[PDB]
Amino acid sequence: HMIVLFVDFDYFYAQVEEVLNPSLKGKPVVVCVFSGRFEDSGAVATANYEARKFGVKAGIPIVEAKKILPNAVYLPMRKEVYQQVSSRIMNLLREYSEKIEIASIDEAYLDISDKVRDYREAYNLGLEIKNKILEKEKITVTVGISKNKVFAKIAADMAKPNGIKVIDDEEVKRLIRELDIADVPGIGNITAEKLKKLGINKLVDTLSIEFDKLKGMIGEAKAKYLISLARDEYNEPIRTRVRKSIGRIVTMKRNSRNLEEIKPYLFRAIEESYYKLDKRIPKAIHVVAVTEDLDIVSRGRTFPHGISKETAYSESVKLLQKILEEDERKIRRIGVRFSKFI
DNA sequence: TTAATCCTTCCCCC
DNA sequence: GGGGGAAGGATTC
Ligand SMILES: Cc1cn([C@H]2C[C@H](O)[C@@H](COP(=O)(O)OP(=O)(O)OP(=O)(O)O)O2)c(=O)[nH]c1=O
Ligand SMILES: [Ca+2]
Ligand SMILES: [Ca+2]
Ligand SMILES: [Ca+2]
């Protein structure tokens, strides 16, 4: 008996725009990031359900989304607001448990093995949490409930939007056989494809392969992960997480190779990155470059001390010269990433 | 206008 | 032979 409760906010960014302006609810709302290269360049960060049922979702080009819903409301993404609205909600969650793991800007795991004694009581603490968040911050969320972090999140995907579901041990047993391997957290397209070849379409299937052949295909961490889920031995603790890196990437108007033409962008990125750092001091710095064909290239350096703004400016141009040197393609997007704080 | 955890090398050295 | 760590890249959400 160890009951994990997972919370996930529905189409978060979009739902926040509906809160800050209710005249929006009911219509197709699409939050985008207008990269600025040309008219409507850029992608979609997220759309609400009214838009999603028509194909408009996160990842597609804004241009493509206007071909489908010329009259949907297109709003520019406001990262900062969403972040603060999230912090408030993350606090309402600490009112229910001491053991809370904040997965992303909208996902959180709460260990409530103690506060509750069985699934029934959980499902109640679930509706309770949903209703509290709805009245305090006006946001709908989906709640998953199960034995461990992995199934609690799977439950959530099955119950969204605005839902609540409990996956009990009998269902876990059948899911380890019926549930599609790809629907397992941490299994993207690439890992799903490698597993197709190894003849593993279901979780159970992993016990039919010799360990070392699975370790040579998808890595050891991933292998043990899938195997413990199959034998039903997975039981990761809910540890609190802490930012391990902050950075910013910007899109340049035109793809380039000229150093003096890229610097300006690179520098803007560093300014905004030190703003996000707020009091934090990084020892490591990484310059990140996105080539014209969308391949990511980067170069970094760890110092035995914190990096000051002057140092960042200076060190980044060097790493950028190290990038153009080793890479002969043109650069589409450029940015930096700081880490290893003091 | 958009962060995290492995994995694989490589190098230094006990 | 294996500890340690840094660097660049692969993958996922
Ligand atoms: C996928 C994606 C997400 N995001 C951000 C914005 C979203 O609100 C959030 C990511 O999507 P998700 O948080 O995983 O889910 P969503 O809440 O927006 O979708 P769902 O209806 O399933 O609840 O993270 C981006 O900025 N860009 C992207 O390409
Ligand atoms: Ca979500
Ligand atoms: Ca999410
Ligand atoms: Ca998947």
# chains A, B, ... in the order shown; residues from 1 in each chain; ligands from 1

call {"tool": "residues_near_ligand", "arguments": {"ligand": "ligand 2", "cutoff": "10 Å", "atoms": "only C-alpha atoms (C1' of nucleotides) and all ligand atoms", "output": "list in words"}}
result
residues 7, 8, 9, 10, 11, 12, 13, 46, 104, 105, 106, 107, 141, 142, 156, 157, 160 and 161 of chain A

call {"tool": "residues_around", "arguments": {"residues": "stretch 171-184 of chain A", "least_positions_apart": "5", "cutoff": "6 Å", "atoms": "only C-alpha atoms (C1' of nucleotides)", "output": "ChimeraX atom specification"}}
result
/A:192,201-204

call {"tool": "closest_atom_pairs", "arguments": {"of": "chain A", "to": "chain C", "cutoff": "9 Å", "atoms": "only C-alpha atoms (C1' of nucleotides)", "output": "tab-separated table"}}
result
residue	atom	partner	partner_atom	distance
A:104	CA	C:13	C1'	8.8
A:185	CA	C:12	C1'	8.4
A:186	CA	C:12	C1'	5.7
A:187	CA	C:12	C1'	7.1
A:188	CA	C:12	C1'	6.0
A:190	CA	C:11	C1'	7.6
A:191	CA	C:11	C1'	8.0
A:296	CA	C:9	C1'	8.9
A:297	CA	C:8	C1'	8.5
A:298	CA	C:8	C1'	7.3
A:299	CA	C:8	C1'	7.3
A:300	CA	C:7	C1'	7.5
A:301	CA	C:7	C1'	8.3
A:302	CA	C:6	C1'	8.0

call {"tool": "atom_distance", "arguments": {"atom1": "atom CA of residue A:232", "atom2": "atom CA of residue A:197"}}
result
23.7 Å

call {"tool": "residues_around", "arguments": {"residues": "residue A:320", "least_positions_apart": "2", "cutoff": "10 Å", "atoms": "only C-alpha atoms (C1' of nucleotides)", "output": "short mmCIF file (atom, residue, chain, number, x, y, z; two decimals) with C-alpha atoms, in the first residue's frame"}}
result
data_model
loop_
_atom_site.label_atom_id
_atom_site.label_comp_id
_atom_site.auth_asym_id
_atom_site.auth_seq_id
_atom_site.Cartn_x
_atom_site.Cartn_y
_atom_site.Cartn_z
CA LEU A 259 29.95 36.05 -36.52
CA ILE A 262 24.98 36.44 -34.95
CA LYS A 263 26.59 38.05 -31.87
CA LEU A 266 23.63 35.51 -28.83
CA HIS A 286 26.81 25.99 -23.14
CA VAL A 287 26.33 27.66 -26.49
CA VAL A 288 23.53 26.04 -28.47
CA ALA A 289 23.08 26.42 -32.20
CA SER A 298 26.44 22.77 -29.07
CA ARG A 299 29.72 23.46 -27.25
CA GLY A 300 30.30 24.20 -23.59
CA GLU A 315 33.27 32.74 -23.38
CA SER A 316 30.17 32.32 -25.54
CA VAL A 317 31.64 34.01 -28.60
CA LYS A 318 34.61 31.64 -28.34
CA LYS A 322 34.27 26.72 -32.02
CA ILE A 323 30.91 25.80 -33.54
CA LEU A 324 31.34 27.48 -36.91
CA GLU A 325 34.83 25.97 -37.01
CA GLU A 326 33.73 22.34 -36.59
CA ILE A 334 21.24 30.51 -31.47
CA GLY A 335 21.23 30.49 -27.70
#

call {"tool": "residues_around", "arguments": {"residues": "stretch 3-13 of chain B", "least_positions_apart": "2", "cutoff": "8 Å", "atoms": "only C-alpha atoms (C1' of nucleotides)", "output": "list in words"}}
result
residues 219, 221, 245 and 246 of chain A; 10 of chain C

call {"tool": "interface_residues", "arguments": {"of": "chain A", "to": "chain B", "cutoff": "10 Å", "atoms": "only C-alpha atoms (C1' of nucleotides)", "output": "list in words"}}
result
residues 32, 33, 34, 35, 36, 42, 43, 44, 45, 76, 77, 78, 79, 103, 104, 218, 219, 220, 221, 222, 243, 244, 245, 246, 247, 248, 249, 250 and 251 of chain A

call {"tool": "select_by_dssp", "arguments": {"residues": "stretch 134-326 of chain A", "states": "strand (DSSP E or B)", "output": "VMD selection string"}}
result
chain A and resid 141 to 146 164 to 166 180 202 245 to 256 282 to 291 296 to 302

call {"tool": "write_last_selection", "arguments": {"atoms": "C-alpha atoms", "output": "PDB file, in the first residue's frame"}}
result
ATOM      1  CA  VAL A 141      -6.895  19.629 -14.165  1.00  0.00           C
ATOM      2  CA  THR A 142      -6.785  15.875 -14.676  1.00  0.00           C
ATOM      3  CA  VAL A 143      -5.976  13.512 -11.837  1.00  0.00           C
ATOM      4  CA  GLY A 144      -4.507  10.054 -12.087  1.00  0.00           C
ATOM      5  CA  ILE A 145      -4.287   7.629  -9.189  1.00  0.00           C
ATOM      6  CA  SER A 146      -2.334   4.390  -8.822  1.00  0.00           C
ATOM      7  CA  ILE A 164     -10.058  11.733 -12.568  1.00  0.00           C
ATOM      8  CA  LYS A 165      -9.158   8.056 -12.835  1.00  0.00           C
ATOM      9  CA  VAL A 166      -7.893   5.322 -10.555  1.00  0.00           C
ATOM     10  CA  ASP A 180       0.618  -0.319 -25.826  1.00  0.00           C
ATOM     11  CA  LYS A 202       3.698  -4.719 -24.946  1.00  0.00           C
ATOM     12  CA  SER A 245      19.929  24.512 -15.839  1.00  0.00           C
ATOM     13  CA  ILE A 246      18.516  27.749 -17.245  1.00  0.00           C
ATOM     14  CA  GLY A 247      18.971  29.191 -20.712  1.00  0.00           C
ATOM     15  CA  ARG A 248      17.467  30.826 -23.763  1.00  0.00           C
ATOM     16  CA  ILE A 249      17.443  30.187 -27.491  1.00  0.00           C
ATOM     17  CA  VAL A 250      16.429  32.790 -30.035  1.00  0.00           C
ATOM     18  CA  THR A 251      15.563  32.619 -33.740  1.00  0.00           C
ATOM     19  CA  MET A 252      17.522  34.822 -36.138  1.00  0.00           C
ATOM     20  CA  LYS A 253      15.742  36.679 -38.937  1.00  0.00           C
ATOM     21  CA  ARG A 254      17.971  35.087 -41.551  1.00  0.00           C
ATOM     22  CA  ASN A 255      20.122  31.992 -41.364  1.00  0.00           C
ATOM     23  CA  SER A 256      23.755  33.030 -41.051  1.00  0.00           C
ATOM     24  CA  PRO A 282      26.354  28.939 -12.850  1.00  0.00           C
ATOM     25  CA  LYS A 283      29.767  27.279 -13.179  1.00  0.00           C
ATOM     26  CA  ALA A 284      28.997  25.767 -16.587  1.00  0.00           C
ATOM     27  CA  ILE A 285      28.020  27.447 -19.849  1.00  0.00           C
ATOM     28  CA  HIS A 286      26.808  25.993 -23.142  1.00  0.00           C
ATOM     29  CA  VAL A 287      26.325  27.658 -26.490  1.00  0.00           C
ATOM     30  CA  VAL A 288      23.535  26.042 -28.471  1.00  0.00           C
ATOM     31  CA  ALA A 289      23.076  26.423 -32.199  1.00  0.00           C
ATOM     32  CA  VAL A 290      20.282  25.147 -34.441  1.00  0.00           C
ATOM     33  CA  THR A 291      21.443  24.633 -38.039  1.00  0.00           C
ATOM     34  CA  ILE A 296      21.179  20.795 -32.830  1.00  0.00           C
ATOM     35  CA  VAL A 297      24.862  21.612 -32.330  1.00  0.00           C
ATOM     36  CA  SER A 298      26.445  22.769 -29.066  1.00  0.00           C
ATOM     37  CA  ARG A 299      29.724  23.458 -27.249  1.00  0.00           C
ATOM     38  CA  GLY A 300      30.299  24.201 -23.589  1.00  0.00           C
ATOM     39  CA  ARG A 301      32.701  24.752 -20.742  1.00  0.00           C
ATOM     40  CA  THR A 302      32.750  24.259 -16.998  1.00  0.00           C
TER      41      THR A 302
END

call {"tool": "atom_distance", "arguments": {"atom1": "atom CA of residue A:211", "atom2": "atom CA of residue A:235"}}
result
20.1 Å

call {"tool": "atom_distance", "arguments": {"atom1": "atom CA of residue A:131", "atom2": "atom CA of residue A:162"}}
result
11.0 Å
